[PDB]
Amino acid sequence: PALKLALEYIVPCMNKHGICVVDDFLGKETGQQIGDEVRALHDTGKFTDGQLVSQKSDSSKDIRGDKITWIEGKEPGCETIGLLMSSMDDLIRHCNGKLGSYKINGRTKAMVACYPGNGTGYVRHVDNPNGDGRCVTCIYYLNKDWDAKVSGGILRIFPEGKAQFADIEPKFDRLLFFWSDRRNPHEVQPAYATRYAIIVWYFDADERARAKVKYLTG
């Protein structure tokens, strides 16, 4: 039930901690369907090297070792990813005007991401450091049988002002929210097995408008 989950758990969690974990979000059947769809995308060569906002002399693989593709939710064979995305959107809509001072009106497409084992990860970073509009990061994990003590892949967040950092294992059917800005620097520790996630970034209307203005004027 979106209303209660959003207003009585996600909103207070986000406003107090900037991080919110919802375990067993969709159930095993839907999570497994999503996993099959993601593995189909992988198996048919859809993934490409993850990119960075600003590219410079260094290789992107020195920064993030994952391969990704962008999904709208209506593509053939991505119907359950679409259901995931719609459920995400429903929760966010039910939090309207209650997540900080943001006014969330839109989001990116879904980034389906794979770290292909071999110790790939993502160096310490901030998702939105310079105000490109992203205010909330939403991640769904679908790694059945993952044992993070052996296979790694832990998301470590350093929430600002906290006495402890937050370790999030990429558990099957886990949903995660956190502020995208500098309050939550984070890293994806090296993965030694194939690690899948689906990420959407939700936009604050005003910040996103300013970012687009900066882009469209050079």
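Start at 1 and count along the sequence shown; that's the residue number.
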| property | result |
| --- | --- |
| 40-48 set against 172-180, stretch whose average Cα temperature factor tops the other in the entry | 40-48 |
| Which of 137-145 and 72-80 has higher mean CA B factor, as the PDB entry lists it | 72-80 |
| Residue 115 - Cα temperature factor, lowest/middle/highest third of chain | middle |
| Third of the chain's Cα B-factor distribution that residue 87 belongs to, per the entry | lowest |
| Residue 23 - Cα temperature factor, lowest/middle/highest third of chain | middle |
| Relative C-alpha B-factor of residue 123, binned into the chain's lowest, middle or highest third | middle |
| Chain-wide C-alpha B factor ranking for residue 63, given as lowest, middle or highest third | middle |
